[PDB]
Amino acid sequence: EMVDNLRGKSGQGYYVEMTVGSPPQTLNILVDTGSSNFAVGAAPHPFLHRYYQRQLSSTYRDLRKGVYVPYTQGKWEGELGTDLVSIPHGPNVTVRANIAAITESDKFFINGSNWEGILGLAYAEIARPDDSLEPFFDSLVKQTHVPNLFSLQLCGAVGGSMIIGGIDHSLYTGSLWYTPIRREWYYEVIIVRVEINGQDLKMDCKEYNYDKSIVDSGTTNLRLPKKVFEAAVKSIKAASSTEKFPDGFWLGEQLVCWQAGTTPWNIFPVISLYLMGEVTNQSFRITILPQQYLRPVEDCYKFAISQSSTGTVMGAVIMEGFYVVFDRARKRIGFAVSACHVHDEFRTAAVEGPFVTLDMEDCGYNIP
Ligand SMILES: CO[C@H]1CC[C@]2(CC1)Cc1ccc(-c3cncc(C)c3)cc1[C@@]21COC(N)=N1
């Protein structure tokens, strides 16, 4: 009933259908594990298919508070209020949630996209304008019997599933391996080892998490810290030396093209991230393929691994390989091989363990 409740377009994210107010107003809302506000278009911005009309809802309540949100890539400004919210292809429930009515924005909405809002699924600490503004999932858990858990199956070329309040076993193969949530703000995790085609980058594990590592469905790329990215590109270049590519390509400043149906996947290496496990000195590894990190542009592809100054971001390139369980009740994140992941006859995405790794806690970054 919740299976295939996500739709999308390549590089434009994944959205779920939601209803807001009384009578219900249907809206397509972007699923974002890297933010914590429920913010919807509330004015006729030309890129919008539809928007939330507060004057048409008898259950709308004004909080009489503004919210101004600049961010690296843009800005949004809204008016805070509460209303009745439901997910038609989710649990049979209605909650009173905080809604930020977007009244002004810049580089927020996408020209040609089918979503009109963002559902922030992370914790209160990162909510705007402060942690006193209760996020949607927290409201859903407080007002209903829905278990404090959700899982995501993002399927690359788009569709997928958001299982609210549970795990659907048919969406994954093999076993789920759990990594602890380091702190409840973003979905912060610890990377203890990085391998390119089984070859360790041999870096101080603190570099992998400088200044944080997060699981973010609202990001397309696998974002790596500058020093880690340099070492990863150097190794990927070496493993794929059988072909040449301008530098701009590895920088995402230009595209690479092959004649159709002939892309040389085997020349490209596998990428492995070892994550902190449940028990002391134990890790597991997640492995992704060039099918995840080479993103088709509509056979032309973009290198979807990029430099970052905000730490590791496990975006859509990571998540598309895997069934991801956001186990909020147990403060952990589960990973299992996705039954919908894109692969070939030679290599498959993998979740393997246990491994023995020492000093895993030394890998977290802490402000001096
Ligand atoms: C509280 O205000 C926050 C500020 C930051 C944004 C969310 C709301 C704003 C925003 C707008 C669009 C997209 C997006 C565009 N295209 C494709 C994808 C997949 C997503 C992502 C985001 C952000 C920025 O990063 C994350 N994770 N969400």
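Any value given below was found using the heavy atoms of this structure, including those in side chains, with hydrogens, waters and symmetry copies removed. Start at 1 and go down the list; that is how both ligands and their atoms are numbered. The first residue in the sequence is number 1, and the count goes up from there.
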Where ligand 1 meets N37 - atom numbers and elements under 4.0 angstrom, heavy-atom basis
1 (C)
Taking the six-membered ring for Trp, are the ring centroids of [X] and [Y] within less than 6.0 Å of each other?
X	Y	value
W265	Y301	yes
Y274	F284	no
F47	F109	no
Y123	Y187	yes

Starting from [atom], locate the nearest protein heavy atom and write down its residue, its atom name and how far away it is, to 0.1 Å.
atom	answer
atom 10 (C) of ligand 1	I118 CD1, 3.7 Å
atom 25 (O) of ligand 1	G218 O, 4.2 Å
atom 13 (C) of ligand 1	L30 CD2, 4.2 Å
atom 17 (C) of ligand 1	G11 O, 3.5 Å
atom 28 (N) of ligand 1	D32 OD2, 2.8 Å

Would you say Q12 and ligand 1 have an N/O pair spaced under 3.5 Å apart?
no
Considering both backbone and side-chain atoms of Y71, is one of its nitrogen or oxygen atoms within less than 3.5 Å of a nitrogen or oxygen in ligand 1?
no
Check whether any heavy atom of [X] sits under 4.0 Å from an atom of ligand 1.
X	value
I110	yes
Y14	no
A39	no

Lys/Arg cation over aromatic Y210: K227, 6.0 Å, 45° cone:
no
Any cation-pi pair here, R332 with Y178, using under 6.0 Å and within 45°?
yes
Between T179 and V189, is there a donor-acceptor pair closer than 3.5 Å when you use the side chain of the first and the backbone of the second?
no
Using a strict cut-off of less than 4.0 Å between a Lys/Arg side-chain nitrogen and an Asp/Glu carboxylate oxygen, indicate whether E184 and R328 qualify as a salt bridge.
no
Out of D216, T220, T219, who is nearest to atom 27 (N) of ligand 1 when you count heavy atoms only?
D216
